[PDB]
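Trainee: Give me the fold of what follows.
(9 chains, ligands or ions: 7)
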Amino acid sequence: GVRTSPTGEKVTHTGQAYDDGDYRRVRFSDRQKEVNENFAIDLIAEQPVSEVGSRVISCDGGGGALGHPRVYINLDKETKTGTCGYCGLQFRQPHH
Amino acid sequence: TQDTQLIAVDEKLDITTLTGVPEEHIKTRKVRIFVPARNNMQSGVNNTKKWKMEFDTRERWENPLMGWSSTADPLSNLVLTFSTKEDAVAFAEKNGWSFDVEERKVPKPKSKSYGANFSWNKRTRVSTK
Amino acid sequence: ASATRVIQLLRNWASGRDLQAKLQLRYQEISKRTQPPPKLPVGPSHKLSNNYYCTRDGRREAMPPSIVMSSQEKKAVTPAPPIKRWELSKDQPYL
Amino acid sequence: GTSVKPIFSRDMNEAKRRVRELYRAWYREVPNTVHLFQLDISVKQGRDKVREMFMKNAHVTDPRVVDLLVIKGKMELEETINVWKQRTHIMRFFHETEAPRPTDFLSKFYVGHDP
Amino acid sequence: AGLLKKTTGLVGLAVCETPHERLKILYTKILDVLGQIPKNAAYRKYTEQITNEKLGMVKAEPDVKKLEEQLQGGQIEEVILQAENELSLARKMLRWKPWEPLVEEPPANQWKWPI
Amino acid sequence: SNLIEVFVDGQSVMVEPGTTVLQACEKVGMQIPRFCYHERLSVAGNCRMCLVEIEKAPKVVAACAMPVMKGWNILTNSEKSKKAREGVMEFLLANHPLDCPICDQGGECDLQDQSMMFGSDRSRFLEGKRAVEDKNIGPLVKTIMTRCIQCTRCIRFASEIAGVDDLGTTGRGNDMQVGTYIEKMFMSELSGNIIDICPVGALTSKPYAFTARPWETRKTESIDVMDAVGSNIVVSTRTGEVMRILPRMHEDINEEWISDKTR
Amino acid sequence: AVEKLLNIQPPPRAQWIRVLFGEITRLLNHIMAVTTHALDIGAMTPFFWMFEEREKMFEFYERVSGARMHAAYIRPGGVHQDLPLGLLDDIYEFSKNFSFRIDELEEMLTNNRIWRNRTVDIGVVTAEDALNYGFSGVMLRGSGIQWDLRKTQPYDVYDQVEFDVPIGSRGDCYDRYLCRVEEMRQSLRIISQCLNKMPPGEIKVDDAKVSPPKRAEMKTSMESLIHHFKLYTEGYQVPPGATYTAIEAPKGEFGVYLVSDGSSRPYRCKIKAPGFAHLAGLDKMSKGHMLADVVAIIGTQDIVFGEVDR
Amino acid sequence: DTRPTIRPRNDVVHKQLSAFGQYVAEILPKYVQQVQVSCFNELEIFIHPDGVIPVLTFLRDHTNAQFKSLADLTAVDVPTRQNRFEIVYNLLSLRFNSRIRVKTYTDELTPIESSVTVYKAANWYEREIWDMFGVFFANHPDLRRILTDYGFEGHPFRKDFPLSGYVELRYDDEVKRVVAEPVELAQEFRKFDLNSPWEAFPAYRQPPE
Amino acid sequence: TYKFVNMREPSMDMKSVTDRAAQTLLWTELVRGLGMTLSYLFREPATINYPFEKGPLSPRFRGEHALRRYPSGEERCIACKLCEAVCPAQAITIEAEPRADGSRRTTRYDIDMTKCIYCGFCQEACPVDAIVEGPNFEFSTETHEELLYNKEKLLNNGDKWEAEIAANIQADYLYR
Ligand code: SF4
Ligand code: SF4
Ligand code: SF4
Ligand code: SF4
Ligand code: FES
Ligand SMILES: [K+]
Ligand SMILES: [Zn+2]
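Mentor: Residues are numbered from 1 along each chain as shown, chains lettered A, B, ... in the order given. Ligands and ions are numbered 1, 2, ... in the order given. Next comes the structure:
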């Protein structure tokens, strides 16, 4: 979620906000600070974890050639989830 | 050797007045003449074959608008390549650049023996393969 | 294409040619702005066997220049055979 | 080879002769430059600038380098005479906008890292 | 000699009304200039060979069109122009003496590529 | 004076006995392809990338491990040598993950570079790839182990140079994995050197992760002051910021290693 | 030039596409040259009529590449991507009507006693003097020199296409204008054969160490991903060597002297532009002419200073 | 041709150009240092700098050469050579439908002869070489800058000249004119080290030192 | 093959000479020019009523840049820096680091749109279709500074134009 700085400046998804003594805040006066309000980390955190029944699962991001390079994810660790290193989708074996 | 009206000239070639380089970037610069080290990330040796001339790195600050890396050094990216050290030092001398040149570091020859991995009485024997 | 018969006749006469058959404004004759998906073919080396890259590597067949003379009865020659004379056109020799 | 071929001058005196001719031409041109370009400087200022430009290269001993310097000076003179240069080009010898850079060790130490 | 052309098609290239005599005198002049060049010169041998071949063609063929076809040098006015160019070249080669050995070898790695 | 005479593409060289094919090619300026071979490590001869044709010999030999014989002619560019390299690269890339955009090795890999220079340009592998689970060996080396090509460089280094026998291989065949079996930290003053010797992005620096690409960094050669050894180092910088520290070879001081404090 | 240095060959379909769009480009350039020449002389009207056709050809450019002018579409190895479906039909629709526009352009200029008074016997250059001044293209064939790179030294599939080379007789501005107009007509003639003889197949060399793989293979195959990565970060290495390759550009002989040191970046790239040599000859061609004739002589040498100055 | 990707080699033109290179070397031994033909059939003549006018005039005027057109005249900077500047003449023969390249060399202080008497096209090419590389051409009818700004110092196409040069231009409101200042970049050019540590082309391998 | 463009000699008989004299004295070809312009006056103009009517484009059109997401809302960019490496104008500036969830994501992604040449090489290099050139071409600004795009600016461009960006990509990806 997009929060606010103690000065009232809006904090971006990279965690950027000028401190209270930074003169560079004058650039936003009589203007606005451009912040994208769709934090991708919080959005990918909302996706469920797929209960696929295999030790190795494949993920290409969905949409075939319109996704990402196809990768194979190991699902042998029973404490962690196997997540795709391209799009963040998570996978796990059924109910351990 | 040819009919060119050979005129006697000193053997200290100095083209600094003709290069158009501002005077600050001749006396105060210090170039490095070296064979670049092998990038330890790879085991390829094809980048350690020629001599390089690089200038001393000056100040880079942060652009107030975008946070970019600014410079006031015209020679920050200037990198010349040479076949031998002698060519590099001649080029640095005729251009009036103070230089320090370091000797090329090549790998020393090494005695590799696969059969040592299974030595009967030496510590070179490996416990795993 | 909306011009009246009389205006078409006037402009055909003024230009001296029937300009209604070669209108410079495009109409329903153009191709649809939505097209079926394509299916592009693959190249000659999309093979599963008999395809080693060493047999189709153009860059690694380049050679350094052939030195035919270095300072370090034969007939005279030309760089190439003299160029043939161009012959006149058959569609329209004189424009 | 052991020796080299000249540009024009086979000796240092010939190079000096051509340098003096070029200096003469520039010295006579300066008043016409001041008038024609409508420069806000004096003729004394312009001729002192010409002299100071000549004095930058006084350390040159190679007759070929002197010859090339004379060639470039004549080129600059012809750009000035034929009004190929603008007023901005003539006024670039005088770095009026650039601030006085420090010269002593202490001020350079104060303002940054450059030697 | 056939019907005289109204034009050679090329701007500035006037029609020659007497191309055979023109070519004969040009080739004889060329052969005269080559006689001064030393016998062992490759230029002398090669240019004599080609010049005498062309001259024999200009002597075995009366008609201009078949002579042009046999010479393989374009139109006969173009052949005449090439003959004048070769005469000028031979006169210059008489002074240049390119049959002499090489003036000077290049430095050790003057032509080595890549460096 | 006991040098023997061998030929590398017909060019004669005089080598000490026991010199391998790879070294004899190295002294004419030809670098044989390799993954598992490191000159400072023991010879493994497992990646098979160094296979080369000996003239008149029907079977290729591992250049890294085979001592030259008198009168041998090494054919480093014959078609048989190229086909051996292409087959080996195909086998190495069969189960390799498609991680180049997300792998820190990209741009200075070795697998990438030798795929470009010695392997084919396309795949005929029509199956599902291997995937192994990651190992945690401390906060310094990120082990994305499904990128591992099993060259055993890390194991050989850990056992010989560092003197700790923690790295190894478990299982056999296609599911043979490099690691510690148990969950154990790879703590050693020299631990970070298995990152550089690793030819692929299997072993990577955790502090350096995702932060820079090899081509954009400026490389300043300097000396380490974290101790009195004076190890020669390269300082990678980008846009006025120090990015990482790499070893710089000096045979007399640090060879191609630095300590973890230096790194 | 880069493909010659790489010792690789573009595919036949890519070559046919390159020839077709080179002739489309020649139409664009000749329209601009003739109409701006006329506009400078004082005939503003033909400029607009033909710039509508220029806009349509801009649409062809954008449909093939996404950019109206700077396509970046023709690349060492072939072309970037294939033609979209229905593009050949639209090119055919445009070309079948374009000669009528050349007719209207000639109905205003070719026989006009004022246009000829401004171009006949203006800027006359001798054929030999054209050769010695480094002239090329129309500036050569205006003086009757029978020389065209597309025929004498063909490139791509130009040897398989039939066309005529218009040849002048007086070496003046009027003859060069007629040559450019007839070159537009012959460009239409070539375009027709390109439309009818476009072959199937790929549009870049099937060698992933020069031309990048298809995005579908890049996202599926290890070798394709590696080669995509390396081609888009380092680039392909070109074997060391130097070449001078020239084409018959619409403005004359356009060439490049490209030096390669063996790396992925050119060591030296000298660009030969016909306009450089042509504008070097302005002083010669303007001798004994009025001030208004120099405007015509500049227009007949059609000069773009992007290539004059580089 | 079962090799649709490799560029086809034409051996007839290679032989023709080889024979003509032998011919040219034999006719002018005084100036020809080396002649070679590329794998893509391009013939180069390496000459002593003294032989520029003789060799060029021979190639223009000889009835077996007839290289009437000067396609291009440029220079190449190679700092590792004592004669760093490589002068390249590209010539075209319409009569024999052939091209030839003539190369020589020079350093910063030795003048090359002007070839404007051989080709009128050389007038602007030699001015451009002088402008961008600093090579003087003796007996040039009008030698001066052609491409660079008036009063520009340096020769930008030299390999040791910085990409953005040394001065910028901007309008200054105090002095009411455009002024020149030392160059400052809000974002400096980012130098990329792209070369692979592995050898690409074994056939071009230089022998070890 | 070649052809002559001006190699016709006029006929020199009574009728032809009189034809040319009448053309000289009665200005007949000038009347033909007047007729051509008069015929063009009665043709429908090719002008379109901008901005109410727009020039036709194609799905390949290269306009304003945008950063895209997966349907999950997760960013596509995994900071490989291929676009920055290939950028002919060096218009792309990238900084990255591990995200708090461990993802490989950018912390800086700038495009100097006044350095950009709009070549589309970045969207070719991108392995995940993260950076694209969108259809927008009407984004002129009153100041130079609004053309130095941020990661937030480019992500907002992606969220703004994704509906038609995705349709264009679906239209053209089979050619890529
Ligand atoms: S290790 Fe090399 S080949 Fe494997 S994913 Fe990383 S960069 Fe690509
Ligand atoms: S982790 Fe790296 S060094 Fe160790 S075996 Fe695998 S690839 Fe080799
Ligand atoms: S369109 Fe081209 S210039 Fe613009 S950011 Fe992308 S790669 Fe760079
Ligand atoms: S936008 Fe695409 S190419 Fe650029 S860094 Fe992100 S993933 Fe890589
Ligand atoms: S290098 Fe010899 S087998 Fe791995
Ligand atoms: K590694
Ligand atoms: Zn995924």
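Trainee: Near chain I, which residues of chain C are found?
Mentor: Within chain C, the positions adjacent to chain I are C:1-3, C:7, C:10-16, C:19, C:24-25, C:33-34, C:37-40, C:86-95 by C-beta under 8 Å from any C-beta of the partner chain. Where C-beta positions appear, they are placed from N, C-alpha and C, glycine not excepted.
Trainee: run the last query once more with 6 Å
Mentor: Contact residues, chain C versus chain I (C-beta under 6 Å from any C-beta of the partner chain): C:7, C:10-11, C:14-15, C:37-38, C:86, C:89, C:92-95.
Trainee: Now the buried members of the residues you listed.
Mentor: Those of the residues of chain C next to chain I that meet the buried threshold are C:10, C:11, C:14, C:15, C:86, C:89, C:95, by 16 or more other C-beta atoms under 10 Å in any protein chain shown.
Trainee: from these, which is closest to residue B:2?
Mentor: Residue B:2 lies nearest to residue C:86 out of those, by C-beta to C-beta, at 45.9 Å.
Trainee: Whatever residue of the stretch 51-200 of chain G ends up closest to chain A: neighbour count?
Mentor: Proximity to chain A, evaluated over the stretch 51-200 of chain G using C-beta to the nearest C-beta, is greatest for residue G:81 at 14.2 Å. Close neighbours of residue G:81, defined as other C-beta atoms under 10 Å in any protein chain shown, add up to 19.
Trainee: residue contacts, the residue in chain B positioned nearest to chain C?
Mentor: Chain B approaches chain C most closely through residue B:1 (14.2 Å), counting by C-beta to the nearest C-beta. Neighbouring residues of residue B:1 by C-beta atoms under 6 Å, 6 or more residues apart in numbering or on different chains: D:1, E:104.
Trainee: Residue B:59 now?
Mentor: residue D:113.
Trainee: For the buried ones among the residues of chain C next to chain I, which two are the farthest from each other?
Mentor: With distances taken as C-beta to C-beta, the most widely separated pair in these is C:10 and C:86, at 45.4 Å.
Trainee: Check the secondary structure at the residue of chain B closest to chain C for me.
Mentor: coil (DSSP: H, G, I helix; E, B strand; the rest coil).
Trainee: quick revisit: can you redo the buried ones among the residues of chain C next to chain I as TSV with secondary structure and distance to ligand 1?
Mentor: Conversion of those to TSV gives the following (DSSP: H, G, I helix; E, B strand; the rest coil; distance: C-beta to the nearest ligand atom, whole Å):
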residue	secondary structure	distance to ligand 1
C:10	helix	71
C:11	helix	66
C:14	helix	69
C:15	helix	65
C:86	coil	56
C:89	coil	59
C:95	coil	61
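Trainee: Closest to ligand 5 out of those?
Mentor: Closest approach between those and ligand 5, by C-beta to the nearest ligand atom: residue C:86, at 61.8 Å.
Trainee: I figured the closest one hits residue G:147, correct?
Mentor: No - assessed by C-beta atoms under 6 Å, residue C:86 is found out of contact with residue G:147, at 9.2 Å.
Trainee: how much space is there between the residue of chain B closest to chain C and chain I?
Mentor: Noted for residue B:1: a distance of 48 Å to chain I, by C-beta to the nearest C-beta, to the nearest Å.
Trainee: May I have the distance across stretch H:27-44, first residue to last?
Mentor: 15 Å (C-alpha to C-alpha, to the nearest Å).
Trainee: roughly how far is it from the heart of the chain?
Mentor: 16 Å (C-alpha atoms, centre = their mean, to the nearest Å).
Trainee: does chain C sit close to it?
Mentor: Yes - contact of stretch H:27-44 with chain C (C-beta under 6 Å from any C-beta) involves H:33, H:34, H:35, H:36, H:37, H:38, H:39.
Trainee: show me the contacts for whatever residue of chain C ends up closest to chain D.
Mentor: Closest approach between chain C and chain D, counting by C-beta to the nearest C-beta: residue C:71, at 16.5 Å. Counting by C-beta under 6 Å, 6+ apart, residue C:71 touches E:102, H:33.
Trainee: at 8 Å what do you get?
Mentor: Residue C:71 makes contact with E:102, E:105, H:32, H:33, H:34 under the criterion C-beta atoms under 8 Å, 6 or more residues apart in numbering or on different chains.
Trainee: Number of residues surrounding the first one?
Mentor: Pointing back at residue E:102 there. With neighbours defined by other C-beta under 10 Å, the count for residue E:102 comes to 16.
Trainee: Regarding it, what is its secondary structure?
Mentor: For residue E:102, the assignment made with three-state DSSP gives coil.
Trainee: any idea where the helices of chain D begin and end?
Mentor: With helices called from DSSP state H, chain D shows them at D:12-36, D:43-56, D:63-81, D:87-90, D:105-111.
Trainee: correction: chain E
Mentor: Counting by DSSP H, the helices of chain E are E:19-36, E:42-60, E:64-71, E:76-96.
Trainee: restrict the contacts of residue C:71 to contacts with chain F.
Mentor: With C-beta under 8 Å from any C-beta as the criterion, the contacts of residue C:71 include none near chain F.
Trainee: Return a PyMOL selection command for the buried portion of those.
Mentor: One line in PyMOL is enough to select the buried ones among the contacts of residue C:71; burial here means 16+ other C-beta under 10 Å:
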select buried, (chain E and resi 102) or (chain H and resi 32+33+34)
